[PDB]
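Structural characterization, general
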Amino acid sequence: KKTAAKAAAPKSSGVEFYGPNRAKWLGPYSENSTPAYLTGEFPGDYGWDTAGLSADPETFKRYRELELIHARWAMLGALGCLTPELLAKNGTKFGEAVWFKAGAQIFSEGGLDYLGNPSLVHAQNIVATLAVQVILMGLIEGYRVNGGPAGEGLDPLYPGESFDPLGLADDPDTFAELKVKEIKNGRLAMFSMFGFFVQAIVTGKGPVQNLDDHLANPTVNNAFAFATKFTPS
Amino acid sequence: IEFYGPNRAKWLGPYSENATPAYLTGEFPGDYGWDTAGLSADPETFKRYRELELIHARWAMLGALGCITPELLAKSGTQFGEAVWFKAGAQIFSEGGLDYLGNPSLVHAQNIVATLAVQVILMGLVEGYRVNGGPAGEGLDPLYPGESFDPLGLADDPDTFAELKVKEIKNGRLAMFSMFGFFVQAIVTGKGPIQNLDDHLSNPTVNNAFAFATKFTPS
Amino acid sequence: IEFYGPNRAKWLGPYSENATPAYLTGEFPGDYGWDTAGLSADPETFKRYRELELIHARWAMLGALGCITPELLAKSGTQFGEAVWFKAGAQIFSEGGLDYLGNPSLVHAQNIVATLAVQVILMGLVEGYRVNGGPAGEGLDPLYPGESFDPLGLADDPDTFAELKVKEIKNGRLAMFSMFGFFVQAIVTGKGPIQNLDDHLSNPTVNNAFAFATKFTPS
Amino acid sequence: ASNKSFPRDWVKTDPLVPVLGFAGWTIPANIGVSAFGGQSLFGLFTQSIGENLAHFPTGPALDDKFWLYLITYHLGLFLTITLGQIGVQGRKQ
Amino acid sequence: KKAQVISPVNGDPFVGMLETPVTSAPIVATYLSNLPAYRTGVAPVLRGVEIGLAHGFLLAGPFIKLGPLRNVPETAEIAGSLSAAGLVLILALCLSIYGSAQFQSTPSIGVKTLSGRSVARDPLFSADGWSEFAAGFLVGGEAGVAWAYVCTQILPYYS
Ligand code: CHL
Ligand code: CLA
Ligand code: CLA
Ligand code: CLA
Ligand code: CLA
Ligand SMILES: CC1=C[C@H](O)CC(C)(C)[C@H]1/C=C/C(C)=C/C=C/C(C)=C/C=C/C=C(C)/C=C/C=C(C)/C=C/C1=C(C)C[C@H](O)CC1(C)C
Ligand SMILES: CC1=C[C@H](O)CC(C)(C)[C@H]1/C=C/C(C)=C/C=C/C(C)=C/C=C/C=C(C)/C=C/C=C(C)/C=C/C1=C(C)C[C@H](O)CC1(C)C
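Residues numbered from 1 in each chain as written, not as in the entry; some residues may be left out. Chains lettered and ligands numbered in written order. Part of a larger assembly, values for the part shown. Heavy atoms only, no water. Residues with missing side-chain atoms left out of burial classes, pairs and counts.

Under the annotation held in the PDB entry, chain B carries the name Chlorophyll a-b binding protein, chloroplastic and is attributed to Chlamydomonas reinhardtii. This entry appears in the Protein Data Bank under the title "Photosystem I-LHCI-LHCII of Chlamydomonas reinhardtii". Quoted verbatim from the Function (unreviewed entry) heading of the UniProt record, the comment on chain B is "The light-harvesting complex (LHC) functions as a light receptor, it captures and delivers excitation energy to photosystems with which it is closely associated." (UniProt positions renumbered as here; feature names shortened; annotations may be inferred.)

The name given to chain A in the PDB entry is Chlorophyll a-b binding protein, chloroplastic, with Chlamydomonas reinhardtii as the source organism.

Encoded structure:
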């Protein structure tokens, strides 16, 4: 292990953040050395300024203030649409592990039965759930934009304080890397969520169930079999 | 109580984050500083957004009162046919054209294409003359003219006039959100919004929203 | 998160009206600035109110836990007779005096006037020595002594101690409001409050409050 | 000598080594011979992978005519990629 | 041809180690930096409880599945967990007497990091630090084996 010799501003890592980045097209990269507004210096810049919806420096900032939040929501959204469709296929009762009526289970028999175990939270009210969501989330995202307890609000993109128990947040070149592992995995989570959503619209089966159906017959059980559905006539 | 200034009622109040975006600091009604995406950074586009939001707000307020009045009037002491705003647009097709007030001594519009053509002509005229001015004095202000559209003369005192501006904008925002609610009620339950009002006042918690939550279920 | 200062969690939070009454600005726990009538303008009377509210809060918290515990204990694995706090006061009259824990090997108080006289003597002693001090060191502080009543030693670090003060006051306010709820449930429905808990958990919306709303009807 | 510090890039990642590896080996791996009766070495155990994916927790039988497909498939897949990576002729051939 | 991967350690071909993508690959280097035995800035007690929690929980298993009480139901778990706790006990004793024998004399002279700067000496390598580490190991290991029993008794499809 050798201390990555920083000393400078760049952040090359392997090859990630400089003039020579890894662009999007393998030979048809962005013309004229990539549009002049964005030349590295930050995680997640690859060069899709084709519609050009952000050309002001404040919009370049505010869209990324969206991006990191959106991606972090999608990461937990992905895992929180994956887990119990595995667990119910293994050994665990849930009611319905499919993520359409996961929210409808309150109406079913006695509220939410957790992990199939009648010794747990057992939320019978939807209204109290609404109240705690509105109250606690509005508090938390007020603290995101302002900064309150458990660490003050310094950087709204990355706070990096007593919130992190590991205390990794020290060597800045390794996090020139890891701020990018963030965004790569978060865009994976974005398009996995579009998998969830569009598969949810077209066929209405669980995404795990879509993988099982597909692997049972990859040439027949795929998107093209739904192609004649949704046709006017 | 200080909208025209740094001490305006900000978008989170005492969660205000008093580091507000510097391209709006008071001096215009409705500036509540809630720019999370920031689609109005450019100043001329911001002016377009002020004009556009004013137009949307006035149109939506007109539509909202038009969605509250006729149903109540036909519920109290008059009859229209379908006073609910769904088939009020189809009242010209049913049996005898669109009779105003539900009375065969009023408008009685038989052909909808005549309404169509005259409406296009009048609307083109009024919107063109809205943009570039015209009658009743040439339009010198695109936002608030100040010419003969205020026949009572309430625009003399400036601070009360600015308070009226802020009330107008807030009422317009509420009207837009409420008409969105009207449209969503048109989609989901497809019944009368004031029928919804009466039914929820009769049933406060047994039929709230989530009996109507398993309707658009894909399968 | 800044109760000791101008940035305290005010009585309306985001509708804070940051023109707060100037006779309290932090520096004391529980100062939430909600003075709509203003019955504590005088500073010595305000001190009396701080002391009085502390006494009320501690007494009410003790009573609230005394209203939660015995019913649950007799519901789980023990028996008391009438564990509900109504006839727990009349358990001395019924058959064999007040047997503690529902066991004829414990207090077994036969005559309530003896409890009465001893209770008066002890309560006069402890309240007098509470006001003017006495045993375990003479009382030098009427609000929080700091003498041998904290045998663990949690009052060394000042800011955590102040946070404990604020938690104590907030808990006391909640206890007072909740015991008011207990008293109103004692009046209206007159049944067990934890029986109420179980019945509302079994019946969330069919027997909410307004089946018990036509009882005290005058005629 | 050999070097003075370990280079932290030794696998020189050329991004079209793997895509040409399995893409240029599997597009000719599913042709169809007289040998299997009209089936491939990529679709005939697609049947198998899905087939014993159906009954999930049961690990498939220890003589079931598809371990051969797994082993003979990877015996070529790894080889074509490890000869693709020596398609770094940037200084050698 | 003007390409080489394998290098001697920090130049210097005359120290008996040579660098390989097994020893000095970046992901391996960062991985073994992040393990608790190489952190040097934390108090040895806490390392002791982390290492103990890990090792006890793994040591409980084989006694459960392969011990002489493995077919009698509902008590096969008890004997295994108890035996594993015994093994952890003996490991704690070994740590204590190693502390009594190793750091019993003077320490070494000097230490530098690989990308040279003069880093100080790890406080785990004194008598007090090692004894504290041993106490942490005992606590962590016993807690880990107890957790192994707990985890057996309440776990969805344990078998
Ligand atoms: C036996 C002698 C005895 C003496 C000399 C004192 C003396 C004193 N006590 Mg103590 N107490 C005594 C016995 C007891 N006290 C208390 C409980 C308390 C409390 C809780 C408090 C005091 C306080 C005080 C001080 C002033 C209180 C006052 O003005 O009363 C005048 C009051 C009354 C005569 C009765 C007031 C009743 C009240 C209005 C209840 C209203 C009920 C609600 C509206 C709701 C009711 C039902 C629900 C369902 C709606 C004073 C030093 C107070 C203090 O120190 O403040 C700084 C204080 O907060 N005492 C109990 C427990 C029952 C005692 C039992 O023997
Ligand atoms: C809401 C999420 C969100 C937001 C706010 C942004 C915002 C931004 N991105 Mg980003 N991005 C996103 C999602 C998002 N992106 C996803 C999911 C990916 C993976 C494809 C990327 C990949 C990406 C790269 C690789 C790069 C950017 C870049 C940028 C910046 C300039 C580009 C621009 O004007 O787009 C503005 C974006 C929007 C206004 C969002 C439009 C949303 C509407 C609904 C249209 C989307 C519908 C969709 C196209 C229809 C098909 C859906 C199907 C593909 C699933 C800007 C900061 C450039 C940059 O500066 O790097 C950070 C850049 O090089 N983005
Ligand atoms: C199309 C209608 C419309 C338009 C153009 C605007 C325009 C504006 N609003 Mg505004 N607003 C509206 C409706 C609208 N508003 C409604 C209905 C509400 C009540 C919920 C608000 C509440 C509001 C607040 C609280 C604030 C503003 C502010 C602003 C200004 C800066 C933000 C901006 O650039 O918006 C650009 C807007 C658009 C480009 C419109 C995009 C619309 C698409 C279809 C997306 C909408 C999807 C939606 C989120 C899904 C749910 C809909 C439901 C909430 C109705 C700008 C003048 C800020 C300001 O400074 O005021 C002057 C401010 O603080 N608005
Ligand atoms: C008798 C009990 C009692 C007393 C003496 C006080 C005393 C005080 N409170 Mg307080 N409070 C109490 C109970 C009490 N509180 C309860 C139960 C709650 C929860 C609902 C609160 C919530 C509360 C807040 C949120 C705030 C205070 C504040 C204050 C201070 C200034 C207000 C004042 O002068 O009060 C004088 C009070 C009286 C003279 C009591 C009169 C009682 C009669 C019987 C009328 C009550 C009728 C009632 C309204 C009907 C409904 C009852 C139901 C709500 C329980 C003062 C130290 C403010 C402060 O600065 O804190 C330090 C402040 O911001 N209180
Ligand atoms: C004279 C010396 C001697 C004695 C008395 C024993 C005695 C025993 N041996 Mg043993 N052994 C010896 C020498 C000896 N060994 C030697 C020299 C070798 C090497 C060749 C071995 C190798 C050996 C193996 C490989 C195994 C044994 C096992 C056993 C146990 C078998 C009893 C039984 O049926 O399991 C019943 C077992 C139990 C009920 C578990 C009891 C666990 C201990 C005794 C209790 C610990 C209490 C607790 C940890 C204290 C709490 C501490 C606190 C901080 C929390 C028994 C305790 C078996 C065994 O225990 O492993 C599972 C076993 O598998 N022996
Ligand atoms: C601000 C912001 C910011 C951030 O950053 C981003 C975002 C969020 C995106 C943004 C937002 C936006 C929004 C929300 C918007 C909305 C709007 C609306 C609602 C409108 C309405 C609007 C509405 C409107 C105009 C309306 C109008 C109406 C009308 C005419 C009506 C008419 C009528 C009437 C009379 C009656 C009859 O019988 C029928 C009818 C036909 C019915
Ligand atoms: C602040 C303000 C301000 C503005 O300005 C004006 C106004 C509004 C007027 C004001 C207010 C006031 C108020 C609200 C008050 C309230 C109070 C309370 C609630 C108290 C309680 C209080 C309460 C309390 C003490 C309590 C106590 C209790 C006790 C001892 C108990 C006992 C018991 C027990 C153990 C159990 C058994 O078996 C029985 C019994 C016997 C039951």
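A look at the packing of aromatic side chains
Taken as a whole and judged by the stated rule, the model has 26 aromatic pairs over all chains. For the ring pair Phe3(C) and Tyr32(C), a centre distance of 5.3 Å and an interplane angle of 15 degrees mean the geometry is stacked. Here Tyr32(C) lies in the segment before α1 (43-76) and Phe3(C) lies in the segment before α1, a separation of 29 residues in the sequence. Ring plane angle 90 degrees and centroid distance 6.2 Å describe the contact between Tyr23(C) and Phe46(C), whose orientation is recorded as edge-to-face. Residue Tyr23(C) is found in the segment before α1, and its partner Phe46(C) is found in helix α1; the two are separated by 23 residues along the sequence. The buried category is assigned to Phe46(C), whose relative accessible area is 13%. By way of ring pairs, the aromatic residues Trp25(D), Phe36(D), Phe42(D), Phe45(D), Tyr69(D) and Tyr73(D) are connected into one cluster. In this arrangement the basic side chain of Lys215(B) is found over the ring face of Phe212(B), its NZ or CZ atom lying 5.0 Å from the centre. We note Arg50(C) situated over the ring of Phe28(C); from NZ or CZ to the ring centre the distance is 5.0 Å. (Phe/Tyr/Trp six-rings, centres within 6.5 Å; stacked < 30°, edge-to-face > 60°. Helix = DSSP H or I, 4+ residues; strand = E, 2+ residues; numbered from the N terminus. Buried < 20%, exposed > 50% of the residue type's maximum accessible area, 1.4 Å probe, protein only. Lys NZ or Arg CZ within 6 Å of the ring centre and 35° of its normal.)

Things to note about the UniProt feature "binding site: chlorophyll a 2" (unreviewed entry) in chain A
Residue and element names in this part refer to chain A. Feature annotation in UniProt assigns "binding site: chlorophyll a 2" (unreviewed entry) to the following positions: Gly 160 and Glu 182. The greatest C-alpha distance among the residues just named is 14.2 Å, despite their covering 23 residues of sequence, which places them together in space. Accessibility expressed as a relative area gives 48% for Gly 160, which makes it partly exposed. Residues contacting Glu 182, with those up to four places away along its chain left out, are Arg 72, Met 75 and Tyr 158. (Contact = heavy atoms within 4.5 Å.)

Concerning the UniProt feature "binding site: chlorophyll a 3" (unreviewed entry) in chain B
With numbering aligned to this structure, UniProt lists the feature "binding site: chlorophyll a 3" (unreviewed entry) at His56(B). Structurally, the position occupied by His56(B) is in helix α1 (residues 43-76).

Focus: the interface of chain E and chain A
For interface size, the figure often reported is the accessible area lost on association. At the junction of the two partners, chain E supplies ten residues and chain A supplies seven residues. Across the interface of chain E and chain A, roughly 730 Å² is buried in total on both sides, 54% from carbon and sulfur atoms. Per-residue buried area on chain E facing chain A is highest for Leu114(E), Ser115(E) and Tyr157(E); these three make up 48% of the total on that side. Counting across the interface, chain E meets chain A through one salt bridge. (Buried area = accessible area lost by both parts, 1.4 Å probe. Salt bridge = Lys/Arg side-chain N within 4 Å of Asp/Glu carboxyl O.)

As for the environment of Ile183(A)
All names here are of chain A. By the secondary structure assignment, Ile 183 is in helix α3 (residues 172-202). Assessed through its relative accessible area of 11%, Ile 183 is described here as buried. Distance in space between the C-alpha atoms of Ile 183 and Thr 228 is 36 Å, their sequence separation being 45 residues. When residues no more than four places from it in sequence are discounted, the contact partners of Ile 183 are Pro 43, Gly 44 and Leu 68.

Here we look at the UniProt feature "binding site: chlorophyll a 3" (unreviewed entry) in chain A
As recorded in UniProt, the sites labelled "binding site: chlorophyll a 3" (unreviewed entry) are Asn125(A). When you line up the elements, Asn125(A) lands in the loop between α1 (57-90) and α2 (127-146).

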